[PDB]
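Presented below is the structure to which this report refers.
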4 protein chains.
Amino acid sequence: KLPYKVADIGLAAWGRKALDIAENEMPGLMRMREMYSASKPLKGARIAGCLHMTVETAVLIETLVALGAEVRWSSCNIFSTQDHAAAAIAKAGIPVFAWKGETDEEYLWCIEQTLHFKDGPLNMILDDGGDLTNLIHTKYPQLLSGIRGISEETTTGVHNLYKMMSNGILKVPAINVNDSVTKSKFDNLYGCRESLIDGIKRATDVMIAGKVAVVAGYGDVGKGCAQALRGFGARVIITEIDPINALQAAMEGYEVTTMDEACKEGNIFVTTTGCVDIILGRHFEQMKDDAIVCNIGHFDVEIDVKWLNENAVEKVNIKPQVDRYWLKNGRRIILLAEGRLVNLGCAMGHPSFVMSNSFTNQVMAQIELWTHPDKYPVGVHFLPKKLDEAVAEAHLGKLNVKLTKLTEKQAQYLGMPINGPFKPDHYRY
Amino acid sequence: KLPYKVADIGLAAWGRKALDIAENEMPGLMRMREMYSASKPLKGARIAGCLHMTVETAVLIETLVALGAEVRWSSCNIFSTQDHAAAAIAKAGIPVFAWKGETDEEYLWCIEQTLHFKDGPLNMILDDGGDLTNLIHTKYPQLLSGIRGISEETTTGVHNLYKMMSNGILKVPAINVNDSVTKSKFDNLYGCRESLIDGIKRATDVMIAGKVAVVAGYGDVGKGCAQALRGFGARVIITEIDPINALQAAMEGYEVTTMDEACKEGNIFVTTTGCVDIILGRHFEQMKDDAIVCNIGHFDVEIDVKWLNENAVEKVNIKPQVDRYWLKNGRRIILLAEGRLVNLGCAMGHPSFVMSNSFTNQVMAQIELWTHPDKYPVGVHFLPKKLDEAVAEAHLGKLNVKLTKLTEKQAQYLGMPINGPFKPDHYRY
Amino acid sequence: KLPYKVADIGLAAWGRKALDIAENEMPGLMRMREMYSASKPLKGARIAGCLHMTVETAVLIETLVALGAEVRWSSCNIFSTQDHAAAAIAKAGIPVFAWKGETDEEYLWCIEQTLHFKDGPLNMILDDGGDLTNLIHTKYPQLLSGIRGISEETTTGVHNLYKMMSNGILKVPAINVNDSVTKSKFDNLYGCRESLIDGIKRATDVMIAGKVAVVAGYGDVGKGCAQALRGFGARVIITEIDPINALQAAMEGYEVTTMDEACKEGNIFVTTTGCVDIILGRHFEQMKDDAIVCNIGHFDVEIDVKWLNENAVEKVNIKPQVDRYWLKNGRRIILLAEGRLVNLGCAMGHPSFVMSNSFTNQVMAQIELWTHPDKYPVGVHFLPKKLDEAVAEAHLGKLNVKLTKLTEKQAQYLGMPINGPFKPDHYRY
Amino acid sequence: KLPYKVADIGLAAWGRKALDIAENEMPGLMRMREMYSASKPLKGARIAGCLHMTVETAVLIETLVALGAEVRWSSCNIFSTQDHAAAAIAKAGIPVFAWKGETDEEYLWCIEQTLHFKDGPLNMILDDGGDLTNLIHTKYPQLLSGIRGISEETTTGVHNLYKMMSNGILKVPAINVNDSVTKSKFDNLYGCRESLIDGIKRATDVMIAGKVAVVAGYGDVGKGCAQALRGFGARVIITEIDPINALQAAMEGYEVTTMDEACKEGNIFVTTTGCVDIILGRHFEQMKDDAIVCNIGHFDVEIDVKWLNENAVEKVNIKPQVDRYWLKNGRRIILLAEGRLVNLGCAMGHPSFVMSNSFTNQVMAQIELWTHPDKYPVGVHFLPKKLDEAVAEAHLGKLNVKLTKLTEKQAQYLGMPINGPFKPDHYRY
Ligand SMILES: NC(=O)c1ccc[n+]([C@@H]2O[C@H](COP(=O)([O-])OP(=O)(O)OC[C@H]3O[C@@H](n4cnc5c(N)ncnc54)[C@H](O)[C@@H]3O)[C@@H](O)[C@H]2O)c1
Ligand SMILES: NC(=O)c1ccc[n+]([C@@H]2O[C@H](COP(=O)([O-])OP(=O)(O)OC[C@H]3O[C@@H](n4cnc5c(N)ncnc54)[C@H](O)[C@@H]3O)[C@@H](O)[C@H]2O)c1
Ligand SMILES: NC(=O)c1ccc[n+]([C@@H]2O[C@H](COP(=O)([O-])OP(=O)(O)OC[C@H]3O[C@@H](n4cnc5c(N)ncnc54)[C@H](O)[C@@H]3O)[C@@H](O)[C@H]2O)c1
Ligand SMILES: NC(=O)c1ccc[n+]([C@@H]2O[C@H](COP(=O)([O-])OP(=O)(O)OC[C@H]3O[C@@H](n4cnc5c(N)ncnc54)[C@H](O)[C@@H]3O)[C@@H](O)[C@H]2O)c1
Ligand SMILES: O=c1[nH]cnc2c1ncn2[C@@H]1O[C@H](CO)[C@@H](O)[C@H]1O
Ligand SMILES: O=c1[nH]cnc2c1ncn2[C@@H]1O[C@H](CO)[C@@H](O)[C@H]1O
Ligand SMILES: O=c1[nH]cnc2c1ncn2[C@@H]1O[C@H](CO)[C@@H](O)[C@H]1O
Ligand SMILES: O=c1[nH]cnc2c1ncn2[C@@H]1O[C@H](CO)[C@@H](O)[C@H]1O
Ligand code: NA
Ligand code: NA
Ligand code: NA
Ligand code: NA
């Protein structure tokens, strides 16, 4: 029935001011507007969005609409919504169901309000984390035959997509947006490099300099976190299950040990694994007084937050999403955002510039699926490298980067199109 | 007349939460309390405090008090007070006069409230920037001979103490706390390394990576700001007048040029000079669209905000302390905190750990002035190197540092006492 | 006829001392010895090697032999051979045809002496740069039917392999060793990070701090070079044809412009493109006095060295592989190793630890091709990821890295073998 | 008696090549020549020089000479002389006594040759480490009153000048050149940042990346060595006695602990303390296999080489200045340069650019002492800040730095002369 549902529509004006500033920071999305506003390649699309409802996401949403699509939106995390952002989208006349600090039930509710449009069920999915994807496959399968495609933002979501596919249970063609190079090596890496510390700082205002910081996982996210921490004068310790990642981290000058060891040394703990059971009771019990513990992976499964609730003598809320626990042993643990995504949970997520790479990849994927479905049979697909290169290209102007153009002789020497793609498929950048 | 004036005494319970956390990050101040809470060296002291009313200052104030002093407090900047810290201090029955967003009229009023104690006038000054010092020399000279001592926090205020002495204005002994090693080369350096980005990020959420950031000045504050922005992937340009500082910046891989040049290139501008007329009209008319401009030196004379107010077509307020000016060239300038301290004005200032160095120096200074008048004629003095080292030593344990101890044979060889000082008076660290 | 041909067999003892020290640095190669010395998986193999004849290569050579193979060796660069290393191999009784400062004819000669063994023609190729591969395909095709496989070390060599294959002209199955992750993200990246500056320093002893350094190309090699230069206080400028690489470099805080621009600013120039025509006459003529110019890509085609020889007023040899040119314009250019590989040309190549990753990959490839030819039809192949992970694993012990082992529950959550591989094929690390 | 003594006068033509190059990296020294070659301020000076006989010193010597001085030279370390630099200086008709690999007997002989000029005894000392100073005070006191001045290069020698004064031993005015800002905080810092790794690499070709490097001391030399090893991916542990330096290292993300602890962890050991008994038997018996041990502080008392010589089962010489000791535990220690200066002993010392700062200070000191005796009583003096800044200014242009110029209004505001000094005497930079 409702046109939207947000925390306070009164925050619309401020949101709009924030949207204005962010647009000017997001040239990938803006170029998409220049190119495709007239031709409206998305007319007919009915896109249900499940993705952190922030200022950046607002710019993506309004890009989808300018491209002719109908869009309904919900956040993919109970803490991540930026209320002023949601307000602006709602006031603009776009159905959005999102607010900071939802309950687990308000969460599923919001998502369901994205499923039905004036003209019928949804026919495109833009998902971050697999939640909207899974909800349709298991709760509303009858809607699967009317969906042309899914595009998936984050590494956990795509992981799930692969597992669905190899189990025969995926029924809609899916583009893996996470593993666009202009996503995974930008958003995951440099985004977290700037938003992790933001989140810790806003929550706790602790000094990084002189701390021991333990980062679990050294993939794209863990790389960015580690480097951000080291940059501020923290001594950074890494844990890893993958020998290749571990050698990388050792070659960069980090000590790489087990959580079972590092729990006794760290003052700050950051989980980036995307895997269950990373920081447990046995670890909490050995930590230094006032350890800070927070997770940055997509789901809050990495930290045993239940163990704290059940086993602490004392639990004091310092403020929204900041909890201080007193244990049997007389020491305290500070826990951030109840173990959910700390950058989005306790701050404002990645900054808008890098998000423009992510969101540009999303737009192209939506066009690709909507306009070229034949290209995309049931399964999980990458964007072509030429498009990947295009998104990066689109962001060079704003940083005043001058790109070298190959001469004809050069292109022939390298046996390469003068216009790219400039790399083979297996290139790792 | 008021027993205190704050924004909201209701914020006192949160404030106390914040204080409990802070104390645990501030072993220096705590060592001071466990050492002198019994003997009460500041028995009889009446300290008037003009210094940013933050959580960190709260802990400082309570240290003073537990050491027997009576204290009355105001903030030394109009935007830097933390309301919950102020409230927690007022709730504890300590007269404080401070809130975020005072007018210039209210600012002077607050400093005035600190002059008079039930038992007569102030006999001690603790100052950051020298406004309290100037006010009593300029406007209340009859109180001068009743004041035993001044301790001064910051580069600007300490510079002013030097000018006053050499002009025969200064009528009270002063201690130069800024130029303690454990202050200048820690709080100035590492403090700003963490709190500059925090201010920019909270205000604007801009991405540092890929930007050109121009840092005016490369003293202690400049070094820290530059390193911070470098660390996140900004390309940093420095301006300097001092050939030594200039050569230092160059040897660290920073381009050094003039504002005249650099204003055409920067996306972000931080002044750190302590000097007037750093960024002017001619710089502004040449800046890239949406250039972010802010100041981190003690007073707001570095950026010609006057020029923006008189010349802009339109000033749009974004949120407290964030303004977007539209210029006659069609470009926009984002100014933070009306050109006042960005870290304190837009974030939370330095974290508590580093403030513990500065504040421990502050406490020792008060003790030295009040307990040992005879040692300090009218002039500007440094704390002894012995105490300077003590401050450092007192933060070691919290970080799990194991300092080495000279053997007798080594001490003999180096010709120093086993227990310090370990460095000649001219040592630069 | 000859058993070997080296600069001076008298350098054998010193070489052996150097080999002893390096073994202890190369656990990948040593584990290969433990595992396979008894079973001799390479008995019957007749491996012709064309790869820089350094201490590290010596350890690989003796690993091949311990694994049962017959080996004959030549260097793949006229300047790269380490004479004491070649001496040790020769004195050990292994046919080696290698010495520092060969002529272009002595070079082809050496390579040809690797082709024939006591029992017949060669049947395995271990190549770095495609030279031995190409020589057989075009000069001695009659030997192609008796070769089981090729393994290729460097990015230029594999590029060529791909071009051969898609032109129908490759006739032997080839493993791409370069693009093992434990090669490309280690050897290319961290190797050059340490050997580029080594090479510049030994040649010229210049101060990096305060210089402008221009690095052409920002792939694996360019990444390592850039970071090494920046680490010493050089201001680093990057050129690139690939938008993705360019954005990476901009996001790390480097200025990215064209050579046409950078030629006027740089004091040091490093080419890492693997492409022709990077630094030309038009560039040389605009460079600062005493610019240093050197190449680190596989072939000496990147710098127009002919243009210098033809157009300089004056050419003075400072010492082996160090040339100083005086131009028409009165300024000087310093050119390193006549434009050939500077790390190997003017120093000692990558250090032995990282080379162990490279060489371990080589050994596995040789075993793979020799022992499992059916697995490898004509074409270009990667090592399986499980083997890639094995090489990294083999190096963890020596750095005292402790790797986390997945629990059963965890492995099931991630839907992954408890033992790896832990990453999908498209992962970029 | 000899007009000079060098290893080979035949190396003079290469040496001159090296000199031509060096001069171009040393604008400070050149400025000095273009300024004073006419007026000849050192007319009548007879400077005896004891300072590492390197290319850089050659340029220094020639500057002195062109300024009218007569000069006789010896090296201040047995392994640091560069034979071609020595030869080029001897060929130019300047008495020098210096070669790489002197015995202790030859070392003292060489210093002796510098005392007597055709016109009678030396009237000026230019010293690095204080051996020339000690020798004339201890053994030739009758020459004392004939000497006008001493200028002293290094921390150790300058420390000794302080001890001699405070013991009433020092009978000549001395200038403390080390503690020039443009010296200590450049040559000590950035010099070692480049020349430490060069020494290790030339000697051993070990990989820094992934190693644990232990750095004893964290003064200016320690800071530079630590940064260098960090930059290449070593994990660096610091030891310190000074709580200030210790806290600094901690705030930069380095673990700080004791040698007693750290000797069990390090792969590489650099002493920087200037102090005796840093690495002892108990450290050696606990080190990892093939630990590399070296010293970069001025004399060789930091590592107990005596212990290794008496206790090792077997010492294998590898090449000049590289020894591998076999221990009774079966492990090996690699000692560099018999525990003497590793950068100068195993490589080429600092590059010429930074030496130009130190040497320009050296020249100004000689000018000040010789031209203005009246200004300098017996004691230890600093150069004025004005000259300190001049040195810096003189290196700016070569780096294309544009220093800003205070307007009159700013200078008035800051209360300083437009042309400096820009900093109070206590400023630490
Ligand atoms: N804005 C954000 O907060 C943000 C950004 C992007 C991605 N993510 C999420 O972050 C997580 C990681 O993303 P990524 O791109 O770095 O993925 P990734 O695949 O690169 O994985 C990180 C690493 O975790 C390691 N790991 C797994 N289990 C481990 C264990 N038990 N102990 C230690 N290490 C372990 C793996 O070896 C892997 O290298 C995912 O959940 C992803 O969706 C969050
Ligand atoms: N938390 C904070 O915000 C904080 C912390 C410490 C001090 N400060 C303030 O920051 C300012 C700088 O402090 P500092 O301790 O680094 O002082 P400093 O003297 O070490 O550094 C200031 C530098 O600015 C340079 N400079 C002066 N005028 C200039 C001009 N016109 N253009 C370019 N460079 C110029 C000077 O050469 C000097 O090197 C002072 O006002 C100080 O009180 C703020
Ligand atoms: N020991 C060594 O010296 C050593 C080590 C490994 C590789 N190599 C050689 O180094 C070269 C590069 O290796 P890599 O692994 O970094 O390869 P890479 O494919 O990562 O390429 C480097 C980059 O060069 C860029 N490029 C190409 N033409 C250009 C041009 N005209 N201007 C600017 N940029 C241009 C490409 O965009 C690419 O990103 C190859 O020749 C390789 O064989 C040498
Ligand atoms: N080119 C070169 O090789 C070069 C350059 C400059 C100076 N030096 C020499 O290097 C040495 C260090 O020089 P600096 O200028 O850094 O002096 P510094 O006083 O700044 O640093 C020495 C540091 O060592 C610490 N220390 C002393 N004894 C120690 C111990 N037992 N354990 C741990 N730490 C200890 C001291 O606290 C001090 O901080 C001196 O001998 C100096 O002459 C060599
Ligand atoms: O500010 C933001 N707005 C929207 N999405 C964001 C922001 N910051 C990070 N992510 C996204 O969150 C995913 C994990 O769920 C990441 O993959 C990232 O793309
Ligand atoms: O969090 C804080 N609380 C209180 N004072 C602070 C904080 N951060 C920085 N300063 C102080 O502000 C002065 C400049 O006016 C600096 O000298 C610094 O010590
Ligand atoms: O010290 C070395 N010994 C042998 N090969 C080396 C060394 N350093 C680098 N390379 C190799 O040279 C290739 C380019 O021809 C690189 O790919 C690298 O693996
Ligand atoms: O290349 C060089 N030539 C000459 N002296 C040098 C060089 N590098 C460092 N030092 C000098 O050696 C002293 C320690 O004995 C240092 O003070 C430094 O200035
Ligand atoms: Na954001
Ligand atoms: Na704070
Ligand atoms: Na090597
Ligand atoms: Na040198």
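Just remember, in the structure tokens the first chain shown is A, the second B, etc., residues are 1-based per chain, and ligands are 1-based in the order shown.
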
Selection near region 111-113 of chain B, 7 Å with only C-alpha atoms, sequence-local residues under 6 positions removed, as an MDAnalysis selection string: chainID B and resid 50 74 132

Contact residues (chain B, partner chain D, 7 Å, only C-alpha atoms) as number ranges by chain: B: 219, 239-247, 256-258, 275-276, 389, 392-393, 396, 401-406, 410, 414, 422, 428-429

Which residue of A:333, A:305, A:30, A:234 approaches residue 356 (chain A) most closely, using only C-alpha atoms: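 Among the listed residues, the smallest separation from residue 356 (chain A) belongs to A:30.
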
Each residue of chain A lying at most 9 Å from ligand 10 should get a row with its shortest atom-to-atom pair and the distance in Å to one decimal, counting only C-alpha atoms and all ligand atoms; could you produce that, ordered by chain and increasing number, as CSV?
```
residue,atom,partner,partner_atom_place_in_ligand_line,distance
A:201,CA,ligand 10,1 (Na),8.8
A:204,CA,ligand 10,1 (Na),8.5
A:205,CA,ligand 10,1 (Na),5.3
A:206,CA,ligand 10,1 (Na),7.3
A:207,CA,ligand 10,1 (Na),8.6
```

Neighbourhood of ligand 11 at 7 Å, counting only C-alpha atoms and all ligand atoms, reported as a VMD selection string: (chain C and resid 55 to 56 348 to 352) or (chain D and resid 205)

Region 67-272 of chain B: residues DSSP assigns to strand (DSSP E), reported as a VMD selection string: chain B and resid 70 to 74 96 to 97 116 to 117 120 to 121 124 to 127 149 to 152 174 to 176 212 to 216 235 to 239 255 to 256 268 to 271

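Taking only C-alpha atoms and all ligand atoms into account, the protein and nucleic acid residues that come at most 7 Å from ligand 8 are residues 51, 52, 53, 54, 55, 56, 57, 128, 129, 153, 154, 155, 178, 187, 188, 191, 298, 344, 348, 349, 350, 351, 352, 355 and 358 of chain D.
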
Please produce an output containing C-alpha atoms for each residue in the selection, written as a PDB file, in the first residue's frame.
```pdb
ATOM      1  CA  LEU D  51      87.236  11.255   7.578  1.00  0.00           C
ATOM      2  CA  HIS D  52      86.103   8.300   5.387  1.00  0.00           C
ATOM      3  CA  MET D  53      88.052   8.641   2.085  1.00  0.00           C
ATOM      4  CA  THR D  54      85.094   8.367  -0.297  1.00  0.00           C
ATOM      5  CA  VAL D  55      84.086  10.091  -3.552  1.00  0.00           C
ATOM      6  CA  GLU D  56      81.997  12.453  -1.376  1.00  0.00           C
ATOM      7  CA  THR D  57      84.995  13.395   0.808  1.00  0.00           C
ATOM      8  CA  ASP D 128      84.855  12.246  12.188  1.00  0.00           C
ATOM      9  CA  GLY D 129      84.768  10.123  15.354  1.00  0.00           C
ATOM     10  CA  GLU D 153      81.320  15.170  12.001  1.00  0.00           C
ATOM     11  CA  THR D 154      79.583  12.441  13.990  1.00  0.00           C
ATOM     12  CA  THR D 155      77.530  11.712  17.106  1.00  0.00           C
ATOM     13  CA  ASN D 178      76.886  16.579  13.788  1.00  0.00           C
ATOM     14  CA  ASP D 187      72.624  12.426   6.996  1.00  0.00           C
ATOM     15  CA  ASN D 188      71.992  10.454  10.185  1.00  0.00           C
ATOM     16  CA  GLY D 191      71.737   8.696   4.759  1.00  0.00           C
ATOM     17  CA  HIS D 298      80.816   4.784  14.614  1.00  0.00           C
ATOM     18  CA  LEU D 344      80.879   2.341   4.501  1.00  0.00           C
ATOM     19  CA  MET D 348      79.756   3.240  -0.532  1.00  0.00           C
ATOM     20  CA  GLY D 349      78.446   5.086   2.549  1.00  0.00           C
ATOM     21  CA  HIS D 350      75.754   7.735   2.106  1.00  0.00           C
ATOM     22  CA  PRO D 351      75.085   8.981  -1.472  1.00  0.00           C
ATOM     23  CA  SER D 352      76.600  12.328  -2.424  1.00  0.00           C
ATOM     24  CA  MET D 355      76.756  14.232   2.199  1.00  0.00           C
ATOM     25  CA  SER D 358      77.054  17.567   6.106  1.00  0.00           C
TER      26      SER D 358
END
```

Residue 72 (chain C) surroundings by only C-alpha atoms, 12 Å radius, close-in-sequence under 4 positions cut, as number ranges by chain: C: 2-5, 45-51, 53, 58, 61-62, 64-65, 86, 89-90, 93-98, 110-118, 121-126

Close residues, residue 369 (chain A) itself excluded, 7 Å, only C-alpha atoms, min 4 positions apart in chain, as a PyMOL selection string: chain A and resi 148-149+365+373+376

Separation of CA of residue 217 (chain C) from CA of residue 232 (chain C) in Å: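 Taking CA of residue 232 (chain C) as the start and CA of residue 217 (chain C) as the end point, the length is 19.5 Å.
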
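Here CA of residue 225 (chain D) stands at a distance of 20.7 Å from CA of residue 304 (chain D).
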
Test item, alpha helix (DSSP H) assignment across region 98-234 of chain B, answer as a VMD selection string: chain B and resid 104 to 112 131 to 138 155 to 166 181 to 183 192 to 204 220 to 231

Atomic distance CA of residue 224 (chain D) - CA of residue 196 (chain D), expressed in Å with one decimal: 8.7 Å

Distance query residue 330 (chain A) at most 12 Å, only C-alpha atoms, self and fewer than 5 positions along chain excluded, as a ChimeraX atom specification: /A:285-290,312-314,325

From C:189, C:226, C:279, C:69, residue lying nearest ligand 7 [only C-alpha atoms and all ligand atoms]: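 Looking only at the distances to ligand 7, the closest residue turns out to be C:189.
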
Close residues, residue 60 (chain C) itself excluded, 9 Å, only C-alpha atoms, min 6 positions apart in chain, as an MDAnalysis selection string: chainID C and resid 29 356 359:360 362:363

Could you write out that same residue set with C-alpha atoms as a short mmCIF file (atom, residue, chain, number, x, y, z; two decimals), in the first residue's frame?
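Produced file result.cif, reproduced below:
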```
data_model
loop_
_atom_site.label_atom_id
_atom_site.label_comp_id
_atom_site.auth_asym_id
_atom_site.auth_seq_id
_atom_site.Cartn_x
_atom_site.Cartn_y
_atom_site.Cartn_z
CA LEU C 29 63.94 -25.95 -3.65
CA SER C 356 62.76 -20.03 -4.43
CA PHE C 359 62.20 -21.96 -9.04
CA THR C 360 59.92 -24.28 -7.02
CA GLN C 362 59.74 -24.33 -12.31
CA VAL C 363 60.62 -27.69 -10.73
#
```
